[PDB]
Amino acid sequence: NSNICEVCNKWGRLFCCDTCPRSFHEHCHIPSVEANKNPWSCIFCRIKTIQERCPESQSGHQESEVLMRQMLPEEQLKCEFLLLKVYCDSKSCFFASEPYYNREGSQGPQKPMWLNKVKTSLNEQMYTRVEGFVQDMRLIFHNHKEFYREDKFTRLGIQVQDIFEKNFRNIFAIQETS
Ligand SMILES: [Zn+2]
Ligand SMILES: [Zn+2]
Ligand SMILES: [Zn+2]
């Protein structure tokens, strides 16, 4: 197995996947690495299994259909993996914890949002449809773009949104378009 966490790329107290060479810190994995279970399969492996069991799940889908899906166990897992893919980028540090807003010439957002809040919300089963999760994730980057206006720091919102969107299209097998 790898000797660094797949998500944060640091060593430490790592839990190893039994079906692939990835390793994780306990709270870097989503959901947090389970107490017992031997063997243990990581989220990458669990998603791969869904795909292998139903190869047709990879045919293209309309975003609007994906968003209306109820958060059954497979959709819950897919959103957890999508969230984890965002944390895998180092620029996610900017969006992880609760923000505050005091910049001359801007006003903070009406509805602040951050990754760890989405993480808690998924853990607590607060989202009933995929749309709930996706709306909160997109709000993170939208709030950032609006607040930072012309400061070049706005680009960090663009960059991490692009990671989110590419992974959303992959995980939920959104029909490819130009
Ligand atoms: Zn880690
Ligand atoms: Zn694995
Ligand atoms: Zn099938």
Side-chain angles (χ1 to χ4, degrees), residues 1-36 38-99 113-124 129-131 133 136-137 140-141 144 156-157 159-176:
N1 288 67
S2 179
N3 312 328
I4 59 173
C5 179
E6 188 75 0
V7 183
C8 71
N9 305 101
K10 296 292 199 285
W11 180 75
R13 185 54 196 106
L14 299 175
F15 301 83
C16 292
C17 183
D18 292 314
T19 50
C20 80
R22 297 176 173 93
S23 309
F24 308 79
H25 296 104
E26 170 167 20
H27 302 300
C28 281
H29 195 271
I30 308 179
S32 292
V33 168
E34 298 72 10
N36 209 287
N38 318 61
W40 180 72
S41 266
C42 78
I43 188 153
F44 294 78
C45 286
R46 296 166 68 186
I47 291 283
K48 186 196 299 301
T49 295
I50 307 314
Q51 288 164 9
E52 286 176 346
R53 285 175 159 163
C54 280
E56 70 277 25
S57 71
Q58 305 160 280
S59 291
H61 301 80
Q62 300 297 113
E63 180 172 309
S64 60
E65 177 267 323
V66 170
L67 295 182
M68 295 302 313
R69 295 181 191 165
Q70 297 176 9
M71 288 284 255
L72 295 183
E74 286 187 0
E75 301 319 300
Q76 179 73 32
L77 196 71
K78 285 177 165 207
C79 294
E80 291 164 347
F81 187 47
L82 175 51
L83 181 58
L84 177 136
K85 287 293 200 146
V86 170
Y87 280 107
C88 287
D89 198 283
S90 65
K91 291 160 180 286
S92 72
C93 70
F94 299 109
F95 298 107
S97 72
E98 183 176 3
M113 194 50 61
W114 60 100
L115 304 166
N116 295 347
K117 186 174 167 74
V118 182
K119 184 181 277 197
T120 294
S121 296
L122 271 171
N123 174 246
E124 294 183 8
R129 289 169 197 275
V130 171
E131 183 178 48
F133 167 80
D136 278 353
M137 293 293 287
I140 299 169
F141 313 118
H144 178 94
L156 274 292
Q159 289 176 322
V160 183
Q161 179 149 24
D162 193 50
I163 297 301
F164 174 69
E165 295 299 337
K166 286 179 188 273
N167 281 280
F168 173 67
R169 289 189 306 266
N170 181 259
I171 293 165
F172 288 92
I174 297 296
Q175 179 54 52
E176 287 279 296

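In each ligand, atom 1 is the first atom listed, and ligand 1 is the first ligand listed. Counting begins at 1 with the first residue of the sequence.
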(Q) At a threshold of 2.8 Å, where the distance has to be below it, does the Zn ion (ligand 1) have an N, O or S atom of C28 nearby? (A) yes
Q: Could you tell me whether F95 and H144 have their ring centroids closer than 6.0 angstrom?
A: yes
Q) At what distance, to the nearest 0.5 angstrom, does NZ of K78 lie from CZ of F133? A) 13.0 Å
(Q) To the closest 0.5 Å, what do you measure between CG (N1) and CZ (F15)? (A) 13.0 Å
**Q.** Closest approach to the Zn ion (ligand 1) by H25, given as the N, O or S atom name
**A.** ND1
Q) Nearest 0.5 Å, what's the CD-CG distance between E74 and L77? A) 8.0 Å
Q. At the Zn ion (ligand 1), what's the angle from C5 SG to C8 SG, rounded to 10 degrees?
A. 110°
Q: Look up atom CD in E52 and atom OG in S57, then write down how far apart they are to the nearest 0.5 Å.
A: 10.0 Å
Q. So what does the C17 SG - the Zn ion (ligand 2) - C20 SG angle come to, to 10°?
A. 110°
(Q) Need one value: angle at the Zn ion (ligand 3), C54 atom SG versus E56 atom OE1, rounded to 10 degrees. (A) 110°
